[PDB]
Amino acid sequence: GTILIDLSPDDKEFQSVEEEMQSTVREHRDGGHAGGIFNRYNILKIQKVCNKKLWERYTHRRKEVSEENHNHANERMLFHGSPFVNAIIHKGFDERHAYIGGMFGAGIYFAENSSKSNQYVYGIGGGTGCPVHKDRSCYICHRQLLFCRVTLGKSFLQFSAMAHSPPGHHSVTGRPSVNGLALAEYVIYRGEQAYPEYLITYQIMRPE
């Protein structure tokens, strides 16, 4: 059902997605342990993910949430890193893509910082790094992230140092309360509340 359409680097859509990727890199408290050491990416390709059935599943759920929240879906564009990115783009998000051990419970986690999602491309904590070299800071191997359309609806705000949403809420927002430079992270508990809209293929770049 899924087709992938390559965007040209001349396309304003490519440019706007690249800019969100690059501009939301931050330093991480692990000094690069999980995701590697870098300040920027080399973007190799950006593809639009087109699947009519998954799109209709998303918009059906979005309308439900909106009607429960004063006609406000509270839709965001957020990054998702996962070893299961190939399954996600063909089958959609579901309970198999949940982070069972996440600190807001078993749900599907998304990030405003692209470099936060980068930490999960090779698994939780970066797993053992890239399959070829076993290096979490590999500068050679190609990595992929999703930039996704996510319905938050009424989001439970957790000030911060599969399962169900807190009653009366459609998601959780993990607001950083210690690291002043971190952006928010978000959790949904239904796969129908996200659509994997762009597939971004990239390398992290060694600082010079």
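Take the two forms, find the largest set of C-alpha atoms that superpose within 1.5 Å, and that set is the rigid core. Throughout, we count residues from 1 along the sequence that is shown.
- Annotation: of the segments 182-190 and 17-25, 182-190 departs further from this form in 9 other deposited structures of this protein (C-alpha atoms, root mean square over structures and residues, core superposition).
- For the pair 81-89 and 97-105, rigid core superposition yields a higher RMS C-alpha distance in 9 other deposited structures of this protein in 97-105.
- Among other compared entries that model residues flanking residue 152, every one gives it coordinates, keeping it clear of the one-third cutoff.
- In at least one third of the other compared structures of this protein with flanking residues present, residue 161 is left unmodelled.
- Per the record, residue 161 and residue 162 are separated by 1 to 3 deposited residues that are missing from the model.
- Averaged over their C-alpha atoms, the temperature factors of 191-199 and 5-13 are higher for 5-13.
- Judged by mean Cα B factor in the deposited record, 99-107 ranks above the other of 73-81 and 99-107.
- If you compare the C-alpha temperature factors of 62, 170, 29, 48 in the entry, 29 comes out highest.
- Ranked by C-alpha B-factor against the other modelled residues of its chain, residue 86 falls in the highest third.
- Sorting the modelled residues of the chain by their CA temperature factor places residue 175 in the highest third.
- Residue 35 sits in the middle third of its chain by CA B factor, as recorded in the PDB entry.
- When the modelled residues of the chain are ordered by their C-alpha B factor, residue 142 lands in the middle third.
- Annotation for residue 150: C-alpha temperature factor in the lowest third relative to the rest of the modelled chain, per the entry.
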